[PDB]
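Trainee: Let me begin by handing over the structure; questions about it come next.
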Amino acid sequence: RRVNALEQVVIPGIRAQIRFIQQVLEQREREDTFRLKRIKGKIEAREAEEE
Amino acid sequence: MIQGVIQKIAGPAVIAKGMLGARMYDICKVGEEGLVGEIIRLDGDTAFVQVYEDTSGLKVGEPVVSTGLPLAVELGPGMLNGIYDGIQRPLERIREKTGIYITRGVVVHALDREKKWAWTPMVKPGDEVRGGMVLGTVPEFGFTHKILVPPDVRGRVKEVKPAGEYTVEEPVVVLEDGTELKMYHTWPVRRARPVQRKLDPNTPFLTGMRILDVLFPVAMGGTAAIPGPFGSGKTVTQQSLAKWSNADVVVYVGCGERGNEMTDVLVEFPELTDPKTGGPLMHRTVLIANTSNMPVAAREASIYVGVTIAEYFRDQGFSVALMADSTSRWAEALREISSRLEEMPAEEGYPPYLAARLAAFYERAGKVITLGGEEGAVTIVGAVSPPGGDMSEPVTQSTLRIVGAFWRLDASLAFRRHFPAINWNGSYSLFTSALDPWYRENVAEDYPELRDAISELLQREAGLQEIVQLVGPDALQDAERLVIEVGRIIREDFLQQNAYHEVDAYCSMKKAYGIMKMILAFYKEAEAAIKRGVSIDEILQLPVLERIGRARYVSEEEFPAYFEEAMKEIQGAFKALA
Amino acid sequence: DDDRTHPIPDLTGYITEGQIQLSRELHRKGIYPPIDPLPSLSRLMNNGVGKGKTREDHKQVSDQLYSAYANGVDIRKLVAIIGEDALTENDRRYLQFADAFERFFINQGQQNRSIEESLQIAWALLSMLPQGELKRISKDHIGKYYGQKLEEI
Amino acid sequence: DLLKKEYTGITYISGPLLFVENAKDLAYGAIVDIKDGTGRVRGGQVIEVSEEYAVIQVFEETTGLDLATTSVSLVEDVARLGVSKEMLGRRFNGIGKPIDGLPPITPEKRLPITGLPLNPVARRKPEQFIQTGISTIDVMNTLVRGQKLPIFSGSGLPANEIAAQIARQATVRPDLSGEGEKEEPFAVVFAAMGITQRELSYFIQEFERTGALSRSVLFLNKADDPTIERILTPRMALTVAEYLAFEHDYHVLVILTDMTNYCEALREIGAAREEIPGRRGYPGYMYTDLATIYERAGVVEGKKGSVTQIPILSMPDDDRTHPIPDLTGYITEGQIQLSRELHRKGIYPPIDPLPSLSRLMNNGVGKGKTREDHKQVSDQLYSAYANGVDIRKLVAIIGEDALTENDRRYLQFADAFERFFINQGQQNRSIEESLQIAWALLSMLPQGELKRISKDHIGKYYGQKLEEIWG
Ligand SMILES: Nc1ncnc2c1ncn2[C@@H]1O[C@H](COP(=O)(O)OP(=O)(O)OP(=O)(O)O)[C@@H](O)[C@H]1O
Ligand SMILES: [Mg+2]
């Protein structure tokens, strides 16, 4: 009973939690990359105001 | 007026030049086809316009004309029994012009300019009039439409038209300073209409569903939110509220949803009858429709139009219920516009001012004393569609900081066809303690005690179900298996309700109270008889268990006798029991 | 990866009027077509069934089938942990219904069927449970169709 | 000066910002008046000034503004508030204007609303014990006069009722401390940011019922009010509180309804200005901005008055690691955390004692202040409750039939602790009654297992039964 309980309940829940956490972290990383891209664009656009 | 030309087109966003003098949140007519747009940014000689229609085919250099006024609605007689666009255009008049497809550039009036109304004056020359006072009355579909002074108007009455029949746009009252008052006035949709005072809600909003009226009540000036994943029962719940609730007027706002549901409402509702007065149910309903394939920028306007109409009907003394089919589509529209504006997002691409807009929308609900001295109310029920069922998304979390009731739906219950699929562990309501004096004098004097007993039984069953699922129900004692069986009986006989049955679709308060009494009496007798050594299998095979399970399909007329027969049968069966 | 919360099926389910979901477990045991009934849905079901269209017992039969199959699947989940000896006779009957459902109702080859044959098959499985458990179906429809066995030998 | 200088030449309006070009005479941080074309006047503040153009954040909404007829005029050099002793019993909005229909305030002084930091040499240690009447606070998480002790709440949890109860029941105990000074009532300063009509009505009714409106100053910013006005409300409230306390020897209690709304307004302004974010989009200077608000409480040596702060913040989920509670916990001096699990079981007030903390507890308890056994009883209660909580998980894993006697004793202790110590209702308990209940609960454990209590106190106080008080 204990073996079946572990294999059928405990492991899938932990695996699902791991999947969810990884996806959340990846989303935050993507958003920060977008912010950095905008910042670099603004830095490039500032350097040519009057030539 | 200010008049310029198009400088740049990109999606639903048009930048006009030569617009020095236009004001923020004004209305502009774009191009030769006269598409309607709104100013949201001024920059030197230019202006940023968001268009409420489709921008395909526009060319650079087309004229842009500013009307100099913000977005508004026409409030007056002729608004019930109708279906409108996002920016308040009658769809059934668009159909007569443009066939079966919605084309851009169509200009129609919101209120019909040809119908005649039986005008009965209520003021006389020499009177002093302020905002919100009643000039006269006009009949409607069983209603008495009051003509109101606009909230910013003050003066002395010079002349009044005598009783007769006139159209909307004829001046019925002329003031002494020259102002002519018609049967309708316009109001900006982004400004809340004034009131005298705000009162505390103390009467229930009866939805007709057992679980939403017993366990998690909502008052007559409150707000509620119902989030859940797709196919879990939001639309059916809101349509049941539209059909069966005790509100005088219902406003349904279908922002960004399917087009078939609005067709179903348009077809079914003229055949039904309202619970209040009689006559067709459509005579008390106003429909605002903006489907998912319609222009995205008009999703924001439809919500404001609906809430302004609901506030207008409140000012006449009615009680109004407002349903928003999804407030996530409004957030999507805001995200798209801010993406076009090149702003920095906060979370999940949403602009940082989303929570302020949500709080300003929900704050318009409540029970008030109107400027005319009457009493009205607006209750708002908004549905949320979180992505993937994730309840930590920004739109869901921003809504929970302002609403008073939180009806949470679950996909697990919806998979096994357990409807309304309300999670009774994660839901709450902050109006329960304030409605007890109403319950003690309108239903029964011991109704709160029975409700608390049922909640306690549900909590104990939820506590035992953790032990059950790992050891097995056979190992449990009889005093626990009795609780498990009673919990199943409560779950399948009381909480479960069928919205498509001819009888179970509506439930009164007294019928629910009787069912609760029957369940508690059975539990008391079974708990008493367990101590004499009777097996659980002997109790479960009693024929009276079927009577409780079939109690909800009994009509409202036959129930007060069926209840007494079932009570006497329970007493007899547990007295003759072994 | 069979994920129902991925953005593509999640956004599709918010627009369409239902979905038919295939099952990998039914595929593994060789059942064709492997259609899982619990996560399946048809929202426009009630518009085209009932009195005057197909038969008057369609909706109640569908509801009873869903409830009984859900109970059977719950019992089958319970058995895999504890074991197949603590079951009462009622739960054994539900397990029997659940295993009969998959191999009779769901499984078919290219065998084109009628609606009335399938309703007969559905009433056959619902006769594996006592009349006390047919709680959705009205008393009149029970006296009209209950009590038939598997005519397919 | 007495002249007014107007600046026409607005070149940009978008969101809460506004640009004006020839405004090089506007000082940094000044307050301006923005005049519409129809005569309506709105306020604003300079947040960046250059010889090219100046940047202004607008408090109200920007509807009706246009680039041709709008003009900006300077009001004052530094944001100041006219304070007086006669604001007690008055109501103001989020920017200090009266909304009770009474004539305005004649100012005795005008003080800057950003304030100045207190010299650490000029401070003094908080020492006076405050009896809130709640056992989970008075015994285990003691609040002293001069503390910042926020309440960490959730969406459906009754934080406002707990704050009202604390404000209603709070008192000092001169008899126990031996000071002998006759106690004056607390003056209350109430600041609300984005409050709803339901909560505002509840607070107003409570203050009317207790009769405390003659001692209260109210700053109200409602949910339908403009968002950018929330930047100024806590600063004005704390300016008034500091003036009252350190000029007229009042004992002031300050309540801030929702710091989440303040952080939302801060995020709006920061994202409009393209600042470097921290976590979840909040600006990177939120720590400094929050510290300029919380750090204005305390006690000053040589003066009788004091300022005590009770902020209230709803965690955006049940997440203690969100940026707002994290920074607040780094700044303040402990917290009171509410538990939803206790709330679902019908327990009020649902205060969870383990994640709660009071940093200044050791200053105000002990011999000569409350009683000599306070600290050891608190520590022993914490250890026993933690053991019972841990044994619950073992029960959930292996079943409650395989336990020993000691584990069952700890389990019974935890259940009785939750049902008797935490759950008290609306009653007002004294410190001695709470200590009596605590010693009644500890007597259900063997005398040899009370490791953290001295043997003398065990000999003095052990043995009393719980049914002598609750039976
Ligand atoms: N109270 C109910 N009684 C009976 N059946 C119900 C009930 N609620 C929902 N259903 C069934 O479940 C289905 C759920 O569809 P529904 O339109 O309610 O979903 P929804 O939550 O609005 O989804 P969406 O996110 O797609 O808008 C209905 O079509 C109906 O078959
Ligand atoms: Mg829907």
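Lettering and numbering for the structure tokens are positional, with chains as A, B, ... in the shown order, residues counted from 1 in each chain, and ligands counted from 1 in the shown order.
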Report as a ChimeraX atom specification: the residues of segment 216-421 of chain B with a DSSP assignment of helix (DSSP H, G or I), based on the backbone of this structure.
Mentor: /B:234-244,259-268,281-284,298-314,328-341,354-362,387-389,394-399,411-415
Trainee: Which chains and residue numbers are within 12 Å of ligand 2, counting only C-alpha atoms and all ligand atoms, if I want them as JSON, numbers by chain?
Mentor: {"B": [226, 227, 228, 229, 230, 231, 232, 233, 234, 235, 236, 237, 238, 239, 254, 255, 256, 257, 258, 259, 260, 261, 262, 291, 292, 324, 325, 326, 327, 383, 384, 385], "C": [13, 14, 15, 16, 17, 18, 43]}
Trainee: Pick out the chain C residues within 12 Å of chain A. Count only C-alpha atoms. Give them as a list in words.
Mentor: residues 1, 3, 5, 6, 77, 78, 79, 80, 81, 82, 83 and 84 of chain C
Trainee: Skipping near chain neighbours, those fewer than 4 positions away, what residues fall within 12 Å of residue 189 of chain D using only C-alpha atoms, listed as a PyMOL selection string?
Mentor: chain D and resi 87-92+167+207+212-220+233-245+250-257+307-311
Trainee: Which chain B residues are at most 12 Å from chain A (counting only C-alpha atoms), as a ChimeraX atom specification?
Mentor: /B:342-350,388,390,392-393,469-472
Trainee: Where in segment 28-151 of chain C does DSSP assign strand (DSSP E), given as a PyMOL selection string?
Mentor: chain C and resi 35-42
Trainee: Give me, as a list in words, all polymer residues having an atom no more than 9 Å from residue 193 of chain B, counting only C-alpha atoms and skipping those fewer than 4 positions away in the same chain.
Mentor: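 With the cut-off at 9 Å, the set is residues 151, 187, 308, 311, 312, 315 and 364 of chain B.
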Trainee: With C-alpha atoms retained, write the just-selected residues as a JSON list (two decimals), in the first residue's frame.
Mentor:
```
[["chain", "number", "residue", "atom", "x", "y", "z"],
["B", 151, "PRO", "CA", -27.33, 66.63, -12.97],
["B", 187, "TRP", "CA", -23.54, 61.81, -20.16],
["B", 308, "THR", "CA", -23.45, 54.23, -17.27],
["B", 311, "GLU", "CA", -26.33, 54.01, -13.17],
["B", 312, "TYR", "CA", -28.99, 55.90, -15.15],
["B", 315, "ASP", "CA", -31.35, 57.21, -10.59],
["B", 364, "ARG", "CA", -19.79, 52.40, -9.06]]
```
Trainee: Taking only C-alpha atoms into account, what are the residues of chain D at most 6 Å from chain B, put as a list in words?
Mentor: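 Every residue meeting the condition is included here: residues 11, 12, 13, 14, 63, 64, 65, 66, 68, 155, 224, 268, 271 and 281 of chain D.
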Trainee: Selection from above, N, CA and C atoms, as a PDB file, in the first residue's frame, can you write it?
Mentor:
```
ATOM      1  N   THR D  11       4.345  71.003 -24.115  1.00  0.00           N
ATOM      2  CA  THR D  11       4.674  70.324 -25.357  1.00  0.00           C
ATOM      3  C   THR D  11       4.350  68.839 -25.362  1.00  0.00           C
ATOM      4  N   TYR D  12       3.862  68.277 -24.257  1.00  0.00           N
ATOM      5  CA  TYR D  12       3.639  66.839 -24.188  1.00  0.00           C
ATOM      6  C   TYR D  12       2.721  66.525 -23.019  1.00  0.00           C
ATOM      7  N   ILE D  13       1.634  65.805 -23.290  1.00  0.00           N
ATOM      8  CA  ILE D  13       0.735  65.292 -22.261  1.00  0.00           C
ATOM      9  C   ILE D  13       0.462  63.829 -22.565  1.00  0.00           C
ATOM     10  N   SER D  14       0.769  62.950 -21.615  1.00  0.00           N
ATOM     11  CA  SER D  14       0.537  61.518 -21.798  1.00  0.00           C
ATOM     12  C   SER D  14       0.531  60.847 -20.439  1.00  0.00           C
ATOM     13  N   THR D  63      -8.096  64.549 -18.174  1.00  0.00           N
ATOM     14  CA  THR D  63      -9.201  64.783 -19.092  1.00  0.00           C
ATOM     15  C   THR D  63      -9.425  66.277 -19.272  1.00  0.00           C
ATOM     16  N   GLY D  64      -9.614  66.701 -20.517  1.00  0.00           N
ATOM     17  CA  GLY D  64      -9.923  68.079 -20.816  1.00  0.00           C
ATOM     18  C   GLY D  64      -8.730  68.988 -20.994  1.00  0.00           C
ATOM     19  N   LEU D  65      -7.518  68.497 -20.764  1.00  0.00           N
ATOM     20  CA  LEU D  65      -6.325  69.295 -20.991  1.00  0.00           C
ATOM     21  C   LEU D  65      -5.986  69.333 -22.475  1.00  0.00           C
ATOM     22  N   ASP D  66      -5.486  70.480 -22.924  1.00  0.00           N
ATOM     23  CA  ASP D  66      -5.074  70.647 -24.307  1.00  0.00           C
ATOM     24  C   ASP D  66      -3.803  71.480 -24.348  1.00  0.00           C
ATOM     25  N   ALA D  68      -2.972  74.104 -26.148  1.00  0.00           N
ATOM     26  CA  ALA D  68      -3.039  75.487 -26.601  1.00  0.00           C
ATOM     27  C   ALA D  68      -3.421  76.470 -25.503  1.00  0.00           C
ATOM     28  N   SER D 155      -6.890  38.408   1.275  1.00  0.00           N
ATOM     29  CA  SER D 155      -8.032  39.018   0.599  1.00  0.00           C
ATOM     30  C   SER D 155      -9.299  38.946   1.444  1.00  0.00           C
ATOM     31  N   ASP D 224     -12.303  55.453  -5.970  1.00  0.00           N
ATOM     32  CA  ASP D 224     -12.611  56.157  -7.205  1.00  0.00           C
ATOM     33  C   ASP D 224     -11.866  57.479  -7.338  1.00  0.00           C
ATOM     34  N   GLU D 268       3.243  52.764 -10.904  1.00  0.00           N
ATOM     35  CA  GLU D 268       2.743  53.507 -12.060  1.00  0.00           C
ATOM     36  C   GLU D 268       3.671  54.659 -12.417  1.00  0.00           C
ATOM     37  N   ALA D 271       7.116  53.239 -13.744  1.00  0.00           N
ATOM     38  CA  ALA D 271       7.053  52.685 -15.089  1.00  0.00           C
ATOM     39  C   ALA D 271       6.811  53.766 -16.130  1.00  0.00           C
ATOM     40  N   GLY D 281       8.518  44.097 -11.528  1.00  0.00           N
ATOM     41  CA  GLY D 281       8.231  45.385 -12.114  1.00  0.00           C
ATOM     42  C   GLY D 281       8.230  46.558 -11.161  1.00  0.00           C
TER      43      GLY D 281
END
```
Trainee: So the first atom is atom CA of residue 7 of chain C and the second is atom CA of residue 290 of chain B; what is the distance between them in Å, to one decimal place?
Mentor: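 Separation between atom CA of residue 7 of chain C and atom CA of residue 290 of chain B: 23.3 Å.
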Trainee: Would you mind telling me which residue in B:476, B:72, B:495, B:337 lies nearest to chain C when using only C-alpha atoms?
Mentor: B:476
Trainee: From the list C:126, C:86, C:73, C:98, which residue is nearest chain B when using only C-alpha atoms?
Mentor: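 Of C:126, C:86, C:73, C:98, the one nearest chain B, counting only C-alpha atoms, is C:86.
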Trainee: Nearest to ligand 1: which of C:137, C:44, C:119, C:20 is it, counting only C-alpha atoms and all ligand atoms?
Mentor: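 Of the candidates, the smallest distance to ligand 1 is held by C:44.
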Trainee: Quick one: everything within 12 Å of segment 102-109 of chain B, counting only C-alpha atoms, minus sequence neighbours fewer than 2 positions away in the same chain. Send it as a PyMOL selection string.
Mentor: chain B and resi 29-37+51-57+73-75+78-79+84-85+87-100+111-114+168-169+290-291+293-295
Trainee: Need the shell around residue 445 of chain D: protein/DNA/RNA residues with any atom at most 9 Å away, counting only C-alpha atoms. Skip same-chain ones fewer than 6 positions apart. Format as a ChimeraX atom specification?
Mentor: /D:406,409-410,413
Trainee: Create the file for the chosen residues now, containing N, CA and C atoms and written as a PDB file, in the first residue's frame.
Mentor:
```
ATOM      1  N   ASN D 406       3.619  10.530  24.274  1.00  0.00           N
ATOM      2  CA  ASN D 406       4.135  11.895  24.238  1.00  0.00           C
ATOM      3  C   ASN D 406       3.625  12.651  23.018  1.00  0.00           C
ATOM      4  N   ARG D 409       0.101  13.615  23.571  1.00  0.00           N
ATOM      5  CA  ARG D 409       0.039  14.764  24.470  1.00  0.00           C
ATOM      6  C   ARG D 409       0.297  16.064  23.720  1.00  0.00           C
ATOM      7  N   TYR D 410       1.305  16.071  22.844  1.00  0.00           N
ATOM      8  CA  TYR D 410       1.590  17.276  22.067  1.00  0.00           C
ATOM      9  C   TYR D 410       0.452  17.608  21.108  1.00  0.00           C
ATOM     10  N   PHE D 413      -2.268  19.141  23.085  1.00  0.00           N
ATOM     11  CA  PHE D 413      -1.875  20.497  23.448  1.00  0.00           C
ATOM     12  C   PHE D 413      -2.087  21.459  22.293  1.00  0.00           C
TER      13      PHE D 413
END
```
Trainee: With only C-alpha atoms as the counted atoms, please give the residues lying no more than 8 Å from residue 313 of chain D, apart from itself and same-chain residues fewer than 4 positions off, as a list in words.
Mentor: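 My reading of the contact set: residues 150, 151, 152, 153, 257, 258, 259, 260 and 325 of chain D.
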Trainee: Only residues of chain D matter here; which ones have an atom within 12 Å of chain A, counting only C-alpha atoms? Give them as a PyMOL selection string.
Mentor: chain D and resi 271+274-281+397-398
Trainee: Any chance you could export the current selection's C-alpha atoms as a tab-separated table (two decimals), in the first residue's frame?
Mentor:
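The new file result_4.tsv reads:
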```tsv
chain	number	residue	atom	x	y	z
D	271	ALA	CA	7.05	52.69	-15.09
D	274	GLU	CA	11.37	54.06	-17.37
D	275	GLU	CA	13.19	53.31	-14.13
D	276	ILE	CA	15.23	50.15	-13.63
D	277	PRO	CA	12.83	47.62	-12.06
D	278	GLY	CA	13.43	45.39	-9.09
D	279	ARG	CA	11.36	42.23	-8.86
D	280	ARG	CA	7.95	41.94	-10.55
D	281	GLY	CA	8.23	45.38	-12.11
D	397	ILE	CA	1.75	10.45	6.91
D	398	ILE	CA	1.59	7.29	9.06
```
